[PDB]
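*Asks:* Line by line, the protein sequences are chains C, B, A, F, D and E.
Numbering-wise, the first sequence is residues 1 to 61, 66 to 132 according to the authors' numbering.
Numbering-wise, the second sequence is residues 1 to 61, 66 to 130 according to the authors' numbering.
Numbering-wise, the third sequence is residues 1 to 62, 67 to 126 according to the authors' numbering.
Numbering-wise, the fourth sequence is residues 1169 to 1209 according to the authors' numbering.
Numbering-wise, the fifth sequence is residues 1167 to 1211 according to the authors' numbering.
Numbering-wise, the sixth sequence is residues 1166 to 1209 according to the authors' numbering.
For each residue, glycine too, the CB sits at the ideal point set by N, CA and C.
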Amino acid sequence: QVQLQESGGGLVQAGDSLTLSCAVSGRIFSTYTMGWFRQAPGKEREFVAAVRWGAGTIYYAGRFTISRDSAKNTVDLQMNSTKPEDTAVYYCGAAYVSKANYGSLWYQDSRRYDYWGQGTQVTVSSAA
Amino acid sequence: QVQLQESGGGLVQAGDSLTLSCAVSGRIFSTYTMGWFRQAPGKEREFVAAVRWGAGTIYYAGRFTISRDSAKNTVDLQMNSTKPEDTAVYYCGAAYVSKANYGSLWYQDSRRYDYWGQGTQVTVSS
Amino acid sequence: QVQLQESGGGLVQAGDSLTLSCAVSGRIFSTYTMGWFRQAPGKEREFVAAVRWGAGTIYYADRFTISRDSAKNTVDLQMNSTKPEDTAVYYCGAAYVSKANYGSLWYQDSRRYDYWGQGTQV
Amino acid sequence: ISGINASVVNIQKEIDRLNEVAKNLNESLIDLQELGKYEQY
Amino acid sequence: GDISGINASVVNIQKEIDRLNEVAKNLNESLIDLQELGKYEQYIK
Amino acid sequence: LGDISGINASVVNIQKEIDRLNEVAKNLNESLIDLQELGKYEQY
Ligand SMILES: [Cl-]
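(1) By the criterion of Cβ-Cβ separation under 9 Å, what are the contact partners of residue 65 of chain A in chain E?
(2) Closer than 6 Å by C-beta to C/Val12: which residues in its own chain qualify, once you throw out the five before and the five after it? Chain order, please.
(3) Look up C/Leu109 in the DSSP assignment and say whether it is helix, strand or coil.
(4) On the DSSP letters alone, give me the boundaries of the beta strand (DSSP E) that E/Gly1204 sits inside.
(5) For C/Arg52, is the beta carbon positioned less than 7 Å from some heavy atom of ligand 1?
(6) Which residue's Cα is closest to the Cα of C/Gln82: C/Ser7, C/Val2, C/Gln1, C/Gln3?
(7) Identify the continuous beta strand (DSSP E) that holds C/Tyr117 and give its terminal residues.
(8) Could you check how far apart the C-beta atoms of B/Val101 and F/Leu1203 are, in whole angstroms? I think they sit under 8 Å.
(9) Sort out for me which residues DSSP pairs C/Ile70 with in a bridge.
(10) Taking Cβ to Cβ, would you say C/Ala99 is nearer than 8 Å to C/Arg116?
(11) What does A/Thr31 reach in chain E if we use C-beta pairs closer than 7 Å?
(12) For a test of the three-state rule: what should DSSP assign to C/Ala104, helix, strand or coil?
(13) Are there 16 or more other CB atoms within 10 angstroms of the CB of C/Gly97, so buried, or fewer, so exposed?
(14) My assumption, with CB atoms under 8 Å, is that A/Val126 sits in contact with A/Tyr94. Please give the rounded CB distance.
(15) Does the CB of D/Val1177 have a neighbour CB from chain F at under 8 Å?
(16) Classify D/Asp1199: buried if its beta carbon has 16 or more other beta carbons within 10 angstroms, exposed otherwise.
(17) Kindly list the residues whose CB is nearer than 6 Å to the CB of A/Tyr60, restricted to its own chain and excluding five residues on each side of it in sequence; keep chain order.
(18) With a cut-off of 8 Å, does the C-beta of A/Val101 fall near any C-beta of chain E?
(19) At 8 Å on the CB atoms, spell out the chain D contacts of A/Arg27, in chain order.
(20) Quick check: is any heavy atom of ligand 2 less than 7 Å from the C-beta of A/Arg115?
(21) Taking 8 Å as the cut-off, decide whether the C-beta atoms of E/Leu1186 and D/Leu1186 are in contact.
(22) Quick one: residues in its chain with C-beta nearer than 6 Å to the C-beta of A/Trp110, no 5 flanking neighbours on either side, listed in chain order?
(23) Measuring CA to CA, which of C/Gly35, C/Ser108, C/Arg67, C/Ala131 is closest to C/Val51?
(24) Could you tell me whether any Cβ in chain F is nearer than 8 Å to the Cβ of B/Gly56?
(25) Relative to the alpha-carbon of A/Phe29, which residue among D/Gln1208, D/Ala1174, D/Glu1195 has its alpha-carbon at the smallest distance?
(26) So with CB distances below 7 Å, who are the chain B contacts of E/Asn1194?
Structure follows, in structure tokens:
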């Protein structure tokens, strides 16, 4: 049983960086995988990155860096050089064991996750 | 686990129908499969029918109808137009997750089930 | 879920026999495998023998006798004809289910065990 | 030639067998994954 | 005597084996996490 | 000549790969079965 809490979203000037954070509460085990997804206007939920909680193995879909702090029980998504395409609602999810039995790319499929945060809006402004 | 309580057996005249019932108690999960088996004198335990608790998928060995009521938490075996060869002890069993790793017909193998009702005699006469 | 306590070690002159014992506490299940390992100073944990708790199947490294008492919940290692190379700390370990998915000889690999006693020196 | 053709047919039968095993293992594995969400530690 | 259809069937069979190797690795990965999680579960008989 | 000897060698190799996968399948099932046996005693 885990609960997820996103934070760090909001307005950001294009070209600037932004860091999202997901606070994991409850019983985390080494088998957990945390994934960041984004939902942009008119598109489907897009996989961004994932990290295996125990070993720290990382998977990407360039401009984004995922990391987890197992002391503080957080997963962070650093967005570098934000672009207007980055405006979206970002979601943190957790799969409590590997679902690779569904395929090697299982962690890119939101249906394979078991717990979800509430989502945080990121809006990239291109104003001068 | 789950507990199974059979009822509804007994003596029945051939051609009449009889309904066996298995009342399921405890922690039932969608992964359960419930099966009806029977044991007549001089034969071995025979698979009759099974139903997946969550999805409701049904498997047969068409005079017998299996069904499960997830409101009342029961599994029923309706025996229509009984014949004397249907005389046997009938058993309700439950498998707590799919044992398909033993083969695609695993649900016919009474060793694959984890919990059992006590069994009730059905006697089809004259 | 189980705790392991070794006993029966100490000093022995070569050629003498010795019996080690491992007291299992907690909830043991038939899926368990109990193994005896030994670690001499500065070297790595070496497999000696294992037994499957339910069926009682026994495995040896390819002089030692392993057995388990499921009444008293112990696993015993009888060491016959002691030799100087047998000097080590001996460890009782438990794997709570089969790790055969790692290979058919998985029970020889101490990394596949889940619970460990503190060891008894021979 | 015909010993090789027969070996190919037999091998494909062995492959079919292993595909069914994999499907069955997965089905059983999925139920343990589903149940594991309700587990006490 | 297909002469060369045998080379092709062997090539195809090896592709099926490649697939089964991938499936087997993936099943093992999932099985390993259930084993790791199972060490902390309460089992009472 | 060299054609047949090439095909036999591929068949021999394929059968060795199948043998290993049979062992893998058997070993995966042995581990899965132990998890099934214990899981009925788990508290939910
Ligand atoms: Cl390892």
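*Replies:* Working from what's here:
(1) Any structural detail on residue 65 of chain A is unavailable, because chain A resumes at 67 straight after 62.
(2) Only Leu18, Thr86, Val128 meet the Cβ criterion.
(3) Note: C/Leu109 maps to coil in three-state DSSP.
(4) Careful: E/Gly1204 lies outside any beta strand (DSSP E), inside the alpha helix (DSSP H) at 1167–1204.
(5) It does not: the Cβ of C/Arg52 is nowhere closer than 7 Å to a heavy atom of ligand 1.
(6) Distances from the CA of C/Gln82 to each of C/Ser7, C/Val2, C/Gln1, C/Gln3 were compared; the closest alpha carbon is that of C/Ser7.
(7) Secondary structure note for C/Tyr117: it is in no beta strand (DSSP E), with a DSSP letter that is neither H nor E.
(8) Right, the Cβ-Cβ distance comes to about 6 Å (below 8 Å), so this counts as a contact.
(9) Looking at the DSSP output, C/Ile70 sits in a beta bridge with C/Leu81.
(10) Yes, the pair counts as a contact, with Cβ atoms nearer than the cut-off.
(11) The contact set of A/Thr31 on chain E, defined by CB atoms closer than 7 Å, consists of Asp1199, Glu1202, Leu1203 in chain order.
(12) The answer is helix: DSSP assigns C/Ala104 an H, G or I state.
(13) It counts as buried.
(14) Their Cβ separation, rounded to whole angstroms, is 6 Å, which keeps A/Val126 and A/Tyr94 in contact under 8 Å.
(15) No, no contact with chain F.
(16) Buried, because 16 or more other Cβ atoms sit within 10 Å of the Cβ of D/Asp1199.
(17) A distance below 6 Å between beta-carbons, with the five flanking residues on each side excluded, links A/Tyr60 to the following residues of its chain, in chain order: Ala49.
(18) Interface residue, yes.
(19) Neighbours of A/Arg27 on chain D, chain order: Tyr1209, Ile1210, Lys1211.
(20) Absence of ligand 2 from the depicted structure is noted, with ligand 1 being the only ligands included.
(21) Yes, the pair counts as a contact, with Cβ atoms nearer than the cut-off.
(22) Excluding residues within five positions, the ones whose Cβ falls inside 6 Å are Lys103, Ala104, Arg116.
(23) Closest option to C/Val51, Cα to Cα, is C/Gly35.
(24) For B/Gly56, the answer is no, since every Cβ of chain F falls outside 8 Å of its Cβ.
(25) Ranking D/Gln1208, D/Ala1174, D/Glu1195 by Cα distance to A/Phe29 puts D/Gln1208 first.
(26) For E/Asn1194, the C-beta contacts it makes with chain B under 7 Å involve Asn105, in order along the chain.
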